[PDB]
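Chains as they are written, first to last, in PDB author numbering: chain A, 2 to 97, 110 to 239, 243 to 300; chain B, 2 to 97, 110 to 239, 243 to 300; chain 2D, 237 to 352; chain 1E, 6 to 149; chain 1D, 6 to 149; chain 1F, 6 to 149; chain 1L, 2 to 50; chain 1G, 101 to 149; chain 1H, 101 to 149.
We put the CB at the ideal spot given by N, CA and C, even for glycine.
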Amino acid sequence: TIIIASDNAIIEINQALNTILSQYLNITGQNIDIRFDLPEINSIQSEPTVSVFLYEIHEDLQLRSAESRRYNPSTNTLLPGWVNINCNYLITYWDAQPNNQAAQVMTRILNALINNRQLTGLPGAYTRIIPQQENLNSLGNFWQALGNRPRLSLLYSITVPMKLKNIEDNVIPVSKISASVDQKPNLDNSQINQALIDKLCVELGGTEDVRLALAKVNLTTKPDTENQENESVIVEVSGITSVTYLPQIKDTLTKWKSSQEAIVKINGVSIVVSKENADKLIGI
Amino acid sequence: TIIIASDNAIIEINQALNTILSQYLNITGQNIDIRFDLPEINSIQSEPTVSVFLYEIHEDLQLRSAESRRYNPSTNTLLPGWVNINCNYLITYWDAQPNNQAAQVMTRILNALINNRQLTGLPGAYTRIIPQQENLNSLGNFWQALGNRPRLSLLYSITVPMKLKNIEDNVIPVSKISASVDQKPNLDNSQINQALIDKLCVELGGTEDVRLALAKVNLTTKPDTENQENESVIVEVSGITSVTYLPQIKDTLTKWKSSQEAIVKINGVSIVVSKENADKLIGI
Amino acid sequence: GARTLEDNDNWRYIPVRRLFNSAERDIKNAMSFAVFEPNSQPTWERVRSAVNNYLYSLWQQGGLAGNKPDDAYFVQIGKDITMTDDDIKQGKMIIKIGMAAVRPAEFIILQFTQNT
Amino acid sequence: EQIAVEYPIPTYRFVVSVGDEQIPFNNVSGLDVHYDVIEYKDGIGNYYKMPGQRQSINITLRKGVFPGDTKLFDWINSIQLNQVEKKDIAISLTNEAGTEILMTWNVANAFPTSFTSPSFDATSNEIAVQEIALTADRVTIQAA
Amino acid sequence: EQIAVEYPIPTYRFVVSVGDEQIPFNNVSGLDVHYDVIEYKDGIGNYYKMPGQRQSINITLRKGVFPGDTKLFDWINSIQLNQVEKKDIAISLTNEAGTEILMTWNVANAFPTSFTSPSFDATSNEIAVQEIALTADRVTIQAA
Amino acid sequence: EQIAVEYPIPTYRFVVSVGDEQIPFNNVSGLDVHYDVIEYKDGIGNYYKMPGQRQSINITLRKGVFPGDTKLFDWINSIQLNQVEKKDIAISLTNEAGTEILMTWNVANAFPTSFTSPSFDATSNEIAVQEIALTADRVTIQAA
Amino acid sequence: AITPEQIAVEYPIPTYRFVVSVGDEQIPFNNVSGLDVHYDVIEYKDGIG
Amino acid sequence: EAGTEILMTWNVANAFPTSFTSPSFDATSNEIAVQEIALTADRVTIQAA
Amino acid sequence: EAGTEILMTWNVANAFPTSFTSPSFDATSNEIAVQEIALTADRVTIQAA
């Protein structure tokens with residue numbers, strides 16, 4: 002069955018419970034008050050009432066699923082997600110022989126709960142009718158908290174989805190598809206990076222001080238999607257170097273970019289630097 | 002997502018919760034008081050209010066990781082560590110039909126919590142929205158402690174980093190590296206120690222009393238990093257000996273140090289004592 | 237003979253041109269499932285996954301060159317790389333693919349000597 | 006100043022697509038890479054250890070049963086001798102809002118080898134859940 | 006607008022029929038389809054994997070003991086050498102009211118192989134329960 | 006007088022470095038040294054037992070998954086036949102402040118053999134965690 | 002992405018599904034073996050190798 | 101791994117078949133049908149790259 | 101352990117090869133390629149260090 006996710010699920014569940022309880026309780030010509038909160042501490046009751054107490058709410062992990070966001074291409078909207086909510090109720094009868114009024118009212122409530130395994134207002138909800146209650150210790154502690162004599166109660170569990178507030182309104186559908194396939198040299202990126210770092214070390218002087226200053230300098234290259245006798249790469253330099261060698265490295269990179277000649281040649285393929293960037297290099 | 006470690010995380014979480022709760026509660030034109038502490042014992046309420054109660058703080062062992070101290074070479078500072086803190090909240094509505114005010118306020122709070130799985134003010138925090146609450150026994154005990162009628166409450170868990178106070182200010186980076194490689198004789202340290210102890214026993218007299226007095230005397234040698245026909249070692253002596261033999265042992269060690277001649281010869285390598293120390297030898 | 241009508245460093249040989257045409261057709265077919273889907277990052281990720289799977293299968297068959305797949309092909313798709321905001325607003329998806337092909341040996345030279 | 010801390014992605018923020026369609030699953034496991042170890046020993050004390058042959062991938066997917074839904078059983082039931090349609094599986098870790106992909110697990114050429122029906126228990130209040138086991142060729146993790 | 010959410014069928018809403026009669030059971034398990042995997046490896050790196058032979062089905066049905074009820078033991082006891090009456094089993098997932106069938110599991114040519122009697126325990130207050138195990142040919146799932 | 010008492014180091018104060026970079030891990034285990042036992046027996050009652058051949062080291066490292074982080078999978082994925090980059094691992098026990106090293110476990114020539122992806126469970130609220138298994142040559146403990 | 006057509010074209014065939022025809026009629030069988038072709042080898046040598 | 105390099109070569113000269121073995125058809129088996137061929141040759145040499 | 105000392109020696113005189121076994125190429129194996137060589141010699145003597 003289908004249940005519509007809503008942001009007001011608790012009140013809807015309360016209304017469905019009120020409807021079914023009224024139908025099954027006012028069937029004998031008697032009117033019984035139905036309240037959705039517990040009576041006060043050491044309070045008195047003038048009329049017999051039935052209390053429906055929502056005492057616990059948690060996300061139902063058992064019913065959680067890994068679903069993707071739903072898309073409506075007609076309206077270019079990304080539909081909101083939802084969170085499953087488990088609500089637990091405690092129905093009790095409060096007074097104002111084996112055939113006493115309390116037993117009859119409790120029987121009517123039990124009949125309603127038994128016949129509403131699939132809730133009338135929410136057929137698609139996941140319900141657990143009259144689950145196994147607690148032991149005598151928990152009942153005693155709860156009725157100590159309420160400050161009144163212990164009474165019989167019935168439990169009801171129901172899980173409904175609640176709509177989230179994350180919705181996008183301008184998600185354009187894909188209507189046009191374009192692909193371009195170009196030739197790539199049979200080269201390894203790490204080989205190009207190592208060759209470029211070696212060329213930089215040689216140009217800087219080749220002194221062991223230069224090698225020390227280039228220990229924590231990372232140079233990477235990217236294909237340039239913008243000739244057939246050479247290939248263009250995007251040189252990116254980042255890391256840490258000394259104060260003295262940072263301007264020298266930047267000047268060398270600018271000189272490489274300006275010159276149109278091949279800097280290194282690997283496997284017969286000549287590499288030409290067409291774009292460089294070294295603004296992420298710390299030169300402390 | 003990145004969350005910045007701070008030393009005032011609790012108040013930041015409180016402010017984020019207050020902001021989101023106010024946004025989701027005052028949206029109907031009604032103003033509801035929001036307090037961050039529980040009402041007093043058998044107190045009365047003049048106006049409806051929402052209480053945000055922080056009842057549990059512990060170190061999040063699940064999110065702990067084995068990380069090294071972070072270093073900033075630019076400022077020569079060792080950045081402080083952090084401790085992950087897990088905070089647990091309990092949101093409840095206090096009053097001053111299925112569509113009563115309490116249900117609507119609880120629905121608004123639940124909507125805020127559901128839509129703030131990733132907290133607005135702290136996107137990088139680790140949160141657990143509306144976790145599974147406790148049984149009826151725990152609710153009864155808690156509301157006995159509060160001395161009031163049980164009410165529906167919602168849970169909220171969040172973990173944030175907390176900055177530590179251990180920061181170093183003058184950690185100099187490594188800039189110069191120097192290494193020296195020298196030659197070492199093919200000898201065993203235990204062999205040298207045994208030979209030296211045997212020579213000491215022979216010099217002291219070689220009697221069984223000398224052997225008894227040398228039972229708990231430890232002699233250790235280390236290379237002297239300060243000639244080619246012999247090598248220099250640092251003799252360290254510590255242990256327990258008798259009153260009579262302590263000055264004799266010290267005198268023998270000083271005589272060995274003063275003399276430049278080889279004391280023992282192992283595998284054709286002559287051992288020369290250049291530095292000695294016997295201030296850790298107890299001579300009771 | 238295995239030469240086309242254009243004596244160029246590219247498309248000199250029939251196998252290269254035919255392989256590139258087949259790859260273009262297969263890549264266009266593979267990503268056609270993404271129409272009427274959101275023009276956002278998840279769709280681009282799925283398209284990239286499909287294209288990478290096809291290219292890896294082609295390389296493992298021996299169609300492309302290189303010792304590892306990173307030496308054989310690359311795929312680029314996403315904002316600021318292949319598409320702009322104006323392109324996205326028009327519902328256009330752009331992907332760039334590079335490939336390396338193996339060229340045949342055409343001339344074999346035998347050099348005979350007597351000194352042995 | 007301003008120490009930055011990042012926490013690992015929660016394990017429930019994932020999206021699974023089988024073939025070219027998205028299917029809401031409940032549990033995915035088994036995406037492991039395993040290599041054998043080849044060892045050679047010499048009489049003089051040499052001990053060479055190198056990676057061996059890569060093993061195949063075994064993946065189990067779990068989901069509940071829904072009315073009018075038999076795609077997985079229809080997939081497994083289409084086997085004729087050694088002929089079966091092989092699909093590509095993709096598991097991606099998303100952000101909180103689910104509008105962005107952070108990491109992707111790529112599985113190539115997976116076909117069903119086993120199907121598990123729900124364990125019908127009249128004494129249980131849980132949901133009916135089906136399971137499927139797939140054998141694949143290779144798994145690859147790509148960072149988005 | 007109007008996001009629709011559907012939950013999986015509960016596992017206790019099933020009806021079992023053996024042959025042409027409906028028998029109230031307590032637990033049904035083992036309805037699994039299994040295929041062997043055939044592998045071939047080439048020297049150049051080819052690694053072919055295909056489905057193999059389908060395995061037979063093993064099903065265990067569990068139910069309590071009632072006065073004047075020995076149909077299952079009469080079924081298993083009627084074995085003479087290799088001759089036994091083979092029946093078809095059908096397990097169907099129904100709706101809440103039990104008036105509509107949602108999903109059906111079809112089992113063909115099932116015959117008993119083992120019968121388990123209740124474990125008589127004088128210190129227990131539980132119900133006496135019997136079990137039977139069947140071997141079948143093939144299981145299919147049909148969506149209603 | 007003045008009896009001095011020392012307590013063992015807590016097990017959570019450790020730092021891991023792989024190769025030449027420090028990586029924050031969640032769990033490290035398997036740093037065991039094992040020797041075979043060679044036995045010879047004589048007829049007159051002699052029983053010789055001596056150490057045998059030292060075994061290789063198996064180490065499993067476990068850590069969470071973070072956005073834009075695939076170094077371990079890149080390491081395991083770079084295997085070509087028997088060729089792989091081998092690195093040295095170092096796990097050190099530090100003091101409380103983390104500015105000093107107390108003990109060090111040195112592992113030499115470790116290469117990956119297996120990688121375990123997170124178990125994607127939609128019903129769990131825990132963090133996604135990855136694991137890697139390495140085979141090494143020899144471990145050595147050095148007190149600082 | 003592999004379709005059953007290319008499996009029927011390129012994948013190796015298993016060895017458990019077969020039909021046997023004896024004479025003009027077909028008989029089901031559980032095992033068949035011994036379908037081998039063997040040739041002898043004739044060798045000749047002389048004194049120069 | 102990629103087959104783009106040769107490590108060591110075994111060369112077999114003038115090989116001709118002498119025997120051929122067909123797969124054994126077994127209805128209970130779960131293997132791939134495998135054919136075998138036996139060859140006789142003159143000499144074998146080993147060449148290192 | 102280090103190979104710096106000799107415990108016992110086996111001396112074999114005038115050994116020449118008679119057979120050579122190449123590794124068997126198996127696409128399903130996970131072993132190191134291994135070669136075997138067989139030698140014939142005159143006498144063997146044992147010398148204790």
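Note down the Cα distance separating residue i from residue j, rounded to an integer number of angstroms.
i	j	result
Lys266 (chain B)	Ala294 (chain B)	7 Å
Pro15 (chain 1D)	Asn130 (chain 1E)	7 Å
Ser23 (chain B)	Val38 (chain 1D)	56 Å
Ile180 (chain A)	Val252 (chain 2D)	48 Å
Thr270 (chain B)	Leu200 (chain B)	24 Å
residue 154 (chain 1G)	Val112 (chain 1G)	An answer regarding residue 154 (chain 1G) cannot be provided, because it is not within the stretch 101 to 149 covered by chain 1G.
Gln276 (chain A)	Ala102 (chain 1G)	35 Å
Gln277 (chain 2D)	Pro117 (chain 1E)	29 Å
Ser97 (chain 1F)	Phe19 (chain 1F)	5 Å
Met119 (chain B)	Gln117 (chain A)	33 Å
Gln27 (chain 1D)	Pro123 (chain 1E)	20 Å
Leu152 (chain A)	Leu159 (chain B)	18 Å
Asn112 (chain A)	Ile122 (chain A)	16 Å
Name, please, each residue of chain 1L whose Cβ falls closer than 8 Å to the Cβ of residue i.
i	result
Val89 (chain 1E)	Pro5 and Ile8
In chain B, which residues lie with their C-beta within 7 Å of the C-beta of residue i?
i	result
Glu101 (chain 1E)	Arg130 and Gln131
Listing by chain order, which chain 1G residues have their CB less than 8 Å from the CB of residue i?
i	result
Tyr45 (chain 1D)	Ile132
residue 1 (chain 1L)	The question about residue 1 (chain 1L) has no answer, for chain 1L in this structure spans 2 to 50.
Indicate whether residue i and residue j have their beta-carbon atoms separated by less than 8 Å.
i	j	result
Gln63 (chain A)	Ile132 (chain 1E)	yes
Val223 (chain B)	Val289 (chain B)	no
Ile210 (chain A)	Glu247 (chain A)	no
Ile143 (chain B)	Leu168 (chain B)	yes
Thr234 (chain B)	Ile205 (chain B)	yes
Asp47 (chain 1E)	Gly57 (chain 1E)	no
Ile8 (chain 1D)	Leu66 (chain 1D)	no
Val184 (chain A)	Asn85 (chain A)	no
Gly73 (chain 1D)	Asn31 (chain 1D)	no
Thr318 (chain 2D)	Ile331 (chain 2D)	yes
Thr109 (chain 1H)	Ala141 (chain 1H)	no
Which of the three DSSP states, helix, strand or coil, is assigned to residue i?
i	result
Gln27 (chain 1F)	strand
residue 182 (chain 2D)	With chain 2D running from 237 to 352 in the structure shown, residue 182 (chain 2D) is simply not present.
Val10 (chain 1L)	helix
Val259 (chain A)	coil
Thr238 (chain A)	coil
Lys54 (chain 1F)	strand
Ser23 (chain B)	helix
Show which residues of chain 1D have a CB atom less than 8 Å away from the CB atom of residue i.
i	result
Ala127 (chain 1E)	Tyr17, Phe19, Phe30, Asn31 and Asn32
Where the region 4-20 of chain 1L meets chain 1E: residues whose CB sits under 8 Å from a CB there: So the list reads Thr4, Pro5, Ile8, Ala9, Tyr12, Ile14, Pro15 and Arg18, given in the order they occur along the chain.
Against chain 1E: residues of the region 54-77 of chain B by CB proximity under 8 Å: Listed in sequence order: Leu64 and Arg71.
Positions along the region 118-150 of chain A whose CB lies within less than 9 Å of some CB in chain 1E: The region 118-150 of chain A vs chain 1E, Cβ under 9 Å: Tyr139, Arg141 and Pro144.
Residues from the region 261-272 of chain 2D in contact with chain 1E, defined by Cβ distance under 7 Å: Of all residues in the region 261-272 of chain 2D, those with a C-beta nearer than 7 Å to a C-beta of chain 1E are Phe269, reading in chain order.
Within 7 Å of chain 1G by C-beta, residues of the region 293-306 of chain 2D in sequence order: Hits within the stretch, in order: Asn303.
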